[PDB]
Amino acid sequence: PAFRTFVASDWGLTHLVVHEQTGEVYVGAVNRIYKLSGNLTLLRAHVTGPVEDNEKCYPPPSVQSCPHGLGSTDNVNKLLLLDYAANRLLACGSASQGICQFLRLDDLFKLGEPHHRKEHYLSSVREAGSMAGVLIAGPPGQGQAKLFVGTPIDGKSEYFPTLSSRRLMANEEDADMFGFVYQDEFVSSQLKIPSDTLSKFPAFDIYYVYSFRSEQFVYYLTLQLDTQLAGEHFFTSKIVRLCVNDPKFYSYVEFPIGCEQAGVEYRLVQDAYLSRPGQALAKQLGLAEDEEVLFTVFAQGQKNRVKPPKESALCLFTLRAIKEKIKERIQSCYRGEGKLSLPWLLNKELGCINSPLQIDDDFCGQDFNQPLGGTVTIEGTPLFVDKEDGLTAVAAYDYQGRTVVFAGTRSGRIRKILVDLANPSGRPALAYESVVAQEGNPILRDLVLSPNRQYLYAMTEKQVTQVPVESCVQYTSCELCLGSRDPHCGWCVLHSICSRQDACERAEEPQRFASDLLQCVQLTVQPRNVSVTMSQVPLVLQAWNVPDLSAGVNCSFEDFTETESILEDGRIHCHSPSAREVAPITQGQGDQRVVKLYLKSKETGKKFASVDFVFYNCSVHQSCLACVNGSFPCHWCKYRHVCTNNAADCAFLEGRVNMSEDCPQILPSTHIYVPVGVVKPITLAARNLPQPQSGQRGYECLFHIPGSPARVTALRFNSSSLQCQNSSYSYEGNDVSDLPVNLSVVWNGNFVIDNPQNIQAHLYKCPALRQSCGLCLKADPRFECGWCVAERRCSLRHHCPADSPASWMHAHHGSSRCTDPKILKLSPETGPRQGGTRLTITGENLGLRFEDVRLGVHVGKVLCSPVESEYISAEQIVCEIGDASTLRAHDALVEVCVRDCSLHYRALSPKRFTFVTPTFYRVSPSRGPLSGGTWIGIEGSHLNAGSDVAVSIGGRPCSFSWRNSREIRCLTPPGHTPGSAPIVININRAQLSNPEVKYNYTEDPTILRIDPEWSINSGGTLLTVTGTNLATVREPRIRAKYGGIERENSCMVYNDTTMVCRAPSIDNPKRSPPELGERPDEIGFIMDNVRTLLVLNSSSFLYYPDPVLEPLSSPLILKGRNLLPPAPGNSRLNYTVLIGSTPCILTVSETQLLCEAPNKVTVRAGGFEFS
Ligand SMILES: *[C@@H]1O[C@H](CO)[C@@H](O[C@@H]2O[C@H](CO)[C@@H](O[C@@H]3O[C@H](CO[C@H]4O[C@H](CO)[C@@H](O)[C@H](O[C@H]5O[C@H](CO)[C@@H](O)[C@H](O)[C@@H]5O)[C@@H]4O)[C@@H](O)[C@H](O[C@H]4O[C@H](CO)[C@@H](O)[C@H](O)[C@@H]4O)[C@@H]3O)[C@H](O)[C@H]2NC(C)=O)[C@H](O)[C@H]1NC(C)=O
Ligand SMILES: *[C@H]1O[C@H](CO)[C@@H](O[C@@H]2O[C@H](CO)[C@@H](O[C@@H]3O[C@H](CO[C@H]4O[C@H](CO)[C@@H](O)[C@H](O[C@H]5O[C@H](CO)[C@@H](O)[C@H](O)[C@@H]5O)[C@@H]4O)[C@@H](O)[C@H](O[C@H]4O[C@H](CO)[C@@H](O)[C@H](O)[C@@H]4O)[C@@H]3O)[C@H](O)[C@H]2NC(C)=O)[C@H](O)[C@H]1NC(C)=O
Ligand SMILES: *[C@@H]1O[C@H](CO)[C@@H](O[C@@H]2O[C@H](CO)[C@@H](O[C@@H]3O[C@H](CO[C@H]4O[C@H](CO)[C@@H](O)[C@H](O)[C@@H]4O)[C@@H](O)[C@H](O[C@H]4O[C@H](CO)[C@@H](O)[C@H](O)[C@@H]4O)[C@@H]3O)[C@H](O)[C@H]2NC(C)=O)[C@H](O)[C@H]1NC(C)=O
Ligand SMILES: *[C@@H]1O[C@H](CO)[C@@H](O[C@@H]2O[C@H](CO)[C@@H](O[C@@H]3O[C@H](CO[C@H]4O[C@H](CO)[C@@H](O)[C@H](O[C@H]5O[C@H](CO)[C@@H](O)[C@H](O)[C@@H]5O)[C@@H]4O)[C@@H](O)[C@H](O)[C@@H]3O)[C@H](O)[C@H]2NC(C)=O)[C@H](O)[C@H]1NC(C)=O
Ligand SMILES: *[C@@H]1O[C@H](CO)[C@@H](O[C@@H]2O[C@H](CO)[C@@H](O[C@@H]3O[C@H](CO)[C@@H](O)[C@H](O[C@H]4O[C@H](CO)[C@@H](O)[C@H](O)[C@@H]4O)[C@@H]3O)[C@H](O)[C@H]2NC(C)=O)[C@H](O)[C@H]1NC(C)=O
Ligand SMILES: *[C@@H]1O[C@H](CO)[C@@H](O[C@@H]2O[C@H](CO)[C@@H](O[C@@H]3O[C@H](CO)[C@@H](O)[C@H](O[C@H]4O[C@H](CO)[C@@H](O)[C@H](O)[C@@H]4O)[C@@H]3O)[C@H](O)[C@H]2NC(C)=O)[C@H](O)[C@H]1NC(C)=O
Ligand SMILES: *[C@@H]1O[C@H](CO)[C@@H](O[C@@H]2O[C@H](CO)[C@@H](O[C@@H]3O[C@H](CO)[C@@H](O)[C@H](O)[C@@H]3O)[C@H](O)[C@H]2NC(C)=O)[C@H](O)[C@H]1NC(C)=O
Ligand SMILES: *[C@@H]1O[C@H](CO)[C@@H](O[C@@H]2O[C@H](CO)[C@@H](O)[C@H](O)[C@H]2NC(C)=O)[C@H](O)[C@H]1NC(C)=O
Ligand SMILES: *[C@@H]1O[C@H](CO)[C@@H](O)[C@H](O)[C@H]1NC(C)=O
Ligand SMILES: *[C@@H]1O[C@H](CO)[C@@H](O)[C@H](O)[C@H]1NC(C)=O
């Protein structure tokens, strides 16, 4: 569905109201007043707006000339009131000292607009909604129609009354309009602001928010100023009341109003709405039918009426309770107690006069003790509190007793609240939230339910929106319908839809309509699971919370089939579809198809109740495991090798599989080892292997080798063992020694027995991977594969001739020395004399255990201790070299003795290991900031030696980058205290020092001045920067943060104090700098780890928008915008206008460039160029 809507094409909207007969919607706006249909189509548009005028002018230009300058200004609709009696609309504007309009009801024809007399003027105030009031009428000939109206005054105390009682004549042209009900030279039916109270408190004013007629009175919810709370402005939200029949204005009352939530004050009215409570809230709030109630909205505190806080609270007042607070206060002043206490009205406090009277609710005020205030602030019952999104508006209504509340939000959202304090629940609960102007257009106070009370017109700054009170049809399921709780919604069982009682046909009958989730349609089928192969199966259906279906019912499995059913007891009996019908469904979905079996009612003809119904298919299972150990009742036939539901369809009795453990499967043994090109049998074990029956062949082993697949026939010895016959196998590659191969055991040609563990045959080759004795004895003792001296190759005893009783050698337990060790290459080629180096030797024919190579390794004379974990047997030794300080040699060859330094069992390295002692002499900055982060370049000799390197400045470690013969480059850590620091480099067990080469911690560079204090949006101009220690940073750069973007640019250092920098581009398509200029969010410099320089607090650097220049003996004149910026001091751009290469002498002006020419033209200023 879509929300019916009226969009405000050009201007903001201010007020909305609904005609109780028609449902036409009238809409007050700035410069416009619209008539709209119930579904928000435009019906008529009145122009009321842009008027040539001025607020300062009294009587507006129409009546008298004003010396103040006039301008086309907007006319804001301040007020809107339906006068049904005189078939019209009072449409009160502003911007003419507040003259009022009369528009005819059905066409908006201006009937009248009185503006001659002073009463025809209402207020200068140009603010929308700060005004309110009520229209009240009697029959024609009797006491005529009156308007009670409050407005702000703006300090124009003597021009306008804030509250007034005014006359509404039947002729709109009649001059008597908006005249006071009773005017006297002593007392008029109006209430003015006293001049003395405006002198004392400068801009006190009364803003009228909401207003309503009740029984015989007229109430107003108001906002006022600090008068006992010159200083600052703080507001107090109050209730006002008058008797309708009090021309003298003596009935005026004024009590402060608000409410508190866990010690948090809410004292600013944003809206209100008088309503009924209906049977529900009335009863447990203790009220009579026609007793009224007032829903309200307050913001937190007493601050900023112009822009209130998010924190907002919906409170409640029963009018009987406000009536009692007023009666209680009057029966109190008529006891003579205290003062009247009304600051803004009576500055000097007059006292309460005692008198004997019958104080009633009918009391309409008397001559003495006059207009009076209120001491005890009236507290309201809180209901719902929003903390992240401020309430703005409210309405409410009676629905079948339960009291529904509507609440606008700053976001453009409406809340639908059941108030349940008087209802059973713990506290009043939100039911639902809805969207109007999602982008964040706030909802306005004027929020009216339609006449039929089916919709709720919700107004924003920019759009009216028809939001339905009931729209239960968005609810798809009984479970969600009654789950939303918004009380209009019930499940109309047989129509399977969610809607109100009056909308569900026959709802009054038993079980036809559901209102509590427990009434939900609940359905079950006895034979939940039915096989594809079955047909017309009898099923029984149990359903609860369903009306009398003696009308008739059909079963529809989905929109595929439909079978007739008959009714007995509390059960429904229908049949499954035919095999002819069932399979059209199940085709494609294979294993099973869960299908939603519905009930189609004969009365409605709509599916309402559902169940999970399963269509299972046994035959499509193509293995025992899937068949039995699946999820369903399926039987496997060992012998036919087919899955089916029927026991009898099996071959015969003793071939039925019902249990998963009884399935034909191959069991594992310890791994199947198969050498290539060797005649071997492969015995297998298994379980429940079938005796092949009539017309059935025997067993075979099929090997799935990509190169060659072998078919070898086998013998089944019993139900538990197999064996493929003597054969040899191969694969073409010689690429991988150990190849695992999928094998399938077949019988009768194509029946493959199940292989759960997925047992494989490993085809291994006596080595196509190992041409070294050490590699063979390295591999599995299982393979039986071993090294054969004479051949110079490696194969089994089987494949190698015994010319000697010990000609074939196998690693017995690894106690097998292996001949002629050889070293290929070793890493680190160089090392420190001190030792500690990890030598990484890689050979081919080494020892097979660690404890023989340990003690064997030596570097010339120097004892080398080998490492266990890092040793890879007969391929690689990792060894730690000892102290070589005492060695005379500079370089020595590496030696391994396998176990004993025997003459055949020794290896010597092809090239030799070199000992050096690295030294360093210079550092390439010798200075750097205390924070660190400096790129250091240590120069020396032999710096690339050994394994590990660690550089320590002041004991603290340097972050290493890269190493060289001649250089070590690392990044400096933070220094503790500024000044000279030791540089310690340790390579393995060698720790080299130099006290002549030190590092000097500085002092951190500083930034003092940037000279020009500005640049343009694209940047690129020269900046003459000054500071200290600038030569100690090799690559400094400028940083600037504009908006959400951060950008950087380069610098060129000259002195320790001077630097030229190219200004950073801030080019943002989101924000452009103004003509006036703008500071960046951040500005600074990136200098290593000195982070205090990244953000400059004191900087006044400005960014102007991207010079503008216009193209095509007398001098050159070049015109354009943005040539000169509004910069502090003298400082301006050094412009140079050039011709091919020759610069000119020019005088620069704000719009023009005065170059001088003797008769390709380029203009330069910093990093800027244009032709
Ligand atoms: C429950 O589930 C079962 C199994 O999943 C469904 O039964 C299948 O029905 C469909 C028909 O729509 C079959 O698919 C078609 O197969 C034919 C050729 O089938 C041949 O190959 C089979 C596969 O090995 C083999 O089983 C067949 O032998 C059977 O039939 C004989 C005689 O009745 C019987 O004695 C045997 O015991 C077997 O039962 C047969 O040799 C093929 O023409 C189709 O392929 C074409 O279309 C596809 C898709 O467009 C396309 O990709 C191809 O290129 C080709 O053009 C098609 O695949 C399927 O074979 C049946 N399954 C089995 C095991 O037989 C069935 O939906 C459900 N059962 C019921 C009762 O509803
Ligand atoms: C290290 O190197 C840096 C930059 O490389 C040096 O900074 C500059 O030094 C030179 C001298 O070596 C100075 O140039 C001289 O300027 C004067 C006239 O100054 C006027 O013109 C300037 C250039 O347009 C302008 O910036 C000046 O504005 C400054 O002063 C105002 C007001 O006091 C101040 O508010 C600003 O902040 C500016 O700082 C000013 O209007 C000129 O007379 C010199 O000419 C002489 O020298 C040349 C060459 O030797 C010779 O040929 C002539 O005959 C003549 O005798 C010269 O052009 C420049 O002022 C320095 N820049 C700054 C920003 O101060 C820096 O001095 C070196 N540092 C160290 C520690 O050694
Ligand atoms: C289903 O059918 C399967 C397969 O047909 C049977 O499995 C066989 O079980 C028997 C036990 O009866 C196993 O027989 C044993 O074989 C050993 C032979 O290994 C040697 O083979 C060759 C040639 O002799 C040598 O070169 C090689 O070096 C091996 O050493 C014998 O050593 C065993 O004999 C020992 O046990 C018996 C009985 O206790 C004693 O009498 C002997 O003195 C001796 O101690 C033994 O005979 C045979 O390996 C299995 N077959 C296969 C093919 O592997 C199942 O028994 C049967 N299952 C059921 C439930 O009925
Ligand atoms: C497929 O659909 C069928 C619909 O028929 C579902 O079957 C029902 O499954 C549930 C459990 O999953 C059973 O509920 C249990 O009942 C137990 C008591 O069982 C006895 O009483 C049964 C009814 O009175 C009776 O059917 C049953 O006899 C069965 O066993 C006999 C011996 O094996 C066999 O010969 C008969 O044919 C028959 O099948 C017992 O005497 C109780 O102890 C449990 O706590 C539980 O409540 C239903 O009884 C099943 N209904 C039937 C008619 O058997 C089935 O769930 C669906 N399959 C899947 C996978 O979802
Ligand atoms: C102005 O607003 C009015 C209402 O304020 C509105 O006119 C109404 O439209 C509704 C439908 O939106 C109509 O209600 C129909 O009543 C007839 C019986 O006479 C039914 O046959 C209709 O049922 C149909 O629609 C159902 C729901 O979509 C279907 O389930 C069903 O199969 C039928 O097709 C329906 O209930 C109604 O005619 C008027 N209301 C009145 C009082 O006449 C309209 O949307 C707005 N018009 C304009 C010009 O802006
Ligand atoms: C509840 O269930 C009952 C019984 O299960 C079911 O009755 C069905 O009624 C339809 C008529 O609506 C029957 O279909 C007819 O059968 C004749 C042959 O005898 C066909 O030639 C007709 O089919 C034509 O029309 C179809 C629909 O327009 C087309 O799809 C088709 O191409 C043909 O032109 C005709 O429809 C049907 O035989 C019975 N069902 C059975 C199982 O016999 C009924 O739907 C349900 N009852 C109610 C009141 O809804
Ligand atoms: C040797 O056998 C192995 C294992 O049987 C084969 O590898 C894998 O085979 C399995 C079948 O069990 C495949 O798994 C499948 O996964 C999908 C997941 O979407 C699932 O839907 C299927 O039901 C099935 O279980 C798997 O794809 C396959 N592996 C690869 C990488 O394809 C292997 O194919 C055999 N080797 C050769 C050379 O054929
Ligand atoms: C066959 O069914 C068995 C028994 O139900 C399944 O056994 C599972 O085995 C794993 C071990 O791999 C256990 O951790 C699970 O707890 C077992 N599951 C259950 C439910 O008992 C097995 O998954 C099924 N196998 C196949 C191939 O379908
Ligand atoms: C072949 O297998 C048979 C039976 O297992 C056995 O007697 C014979 O030793 C095997 N022959 C060869 C050459 O391996
Ligand atoms: C270290 O640097 C500081 C600040 O630049 C300097 O004053 C001091 O002389 C330097 N120390 C040495 C030993 O040169």
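Chain A is numbered as in Swiss-Prot, which gives 37-265, 271-1153, 1164-1210, 1216-1227 for the residues shown.
For all residues, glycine too, the Cβ spot is worked out from N, Cα and C.
Disulfide pairing as given by Swiss-Prot: among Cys300, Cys393, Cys405, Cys356 connects to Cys300.
Per Swiss-Prot, the residue from the list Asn595, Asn699, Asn759 bearing the note N-linked glycosylation site is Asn699. Per Swiss-Prot, the residue annotated N-linked glycosylation site among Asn1096, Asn1138, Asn1210 is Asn1210. When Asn783, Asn1185 are compared in Swiss-Prot, the N-linked glycosylation site annotation sits on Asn1185. Candidates considered were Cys513, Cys533, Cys539. The record in Swiss-Prot pairs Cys522 in a disulfide bond with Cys539. Residue density at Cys561 (disulfide bond): 18 other Cβ atoms are found within 10 A of its Cβ, drawing on all protein chains shown. On a Cα basis, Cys102 (disulfide bond) lies 96 Å away from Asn658 (N-linked glycosylation site). Cα separation, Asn1210 (N-linked glycosylation site) to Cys539 (disulfide bond), rounded: 90 Å.
Counted over every protein chain shown, other Cβ atoms within 10 Å are most numerous around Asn658 among the glycosylation sites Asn75, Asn658, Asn699, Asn1041, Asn1210. Ranking the disulfide-bonded residues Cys284, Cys356, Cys530, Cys545, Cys561 by the distance of their Cα atoms from the Cα of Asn1185 (N-linked glycosylation site) places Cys356 first. Note: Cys374 (disulfide bond) has non-local neighbours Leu381, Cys393, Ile394, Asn410, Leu413, i.e. same-chain residues 6+ apart with C-beta under 8 A of its own C-beta. Remark: secondary structure over the domain 'IPT/TIG 3' (1046-1145) totals 6 helix, 44 strand, 50 coil, with classes taken from DSSP. The recorded positions shown are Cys93, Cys284, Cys530, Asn670; of these, the one with its CA atom nearest the CA of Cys519 (disulfide bond) is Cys530. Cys405 (disulfide bond) carries neither a helix nor a strand DSSP state and counts as coil. DSSP assigns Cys374 (disulfide bond) to a helix.
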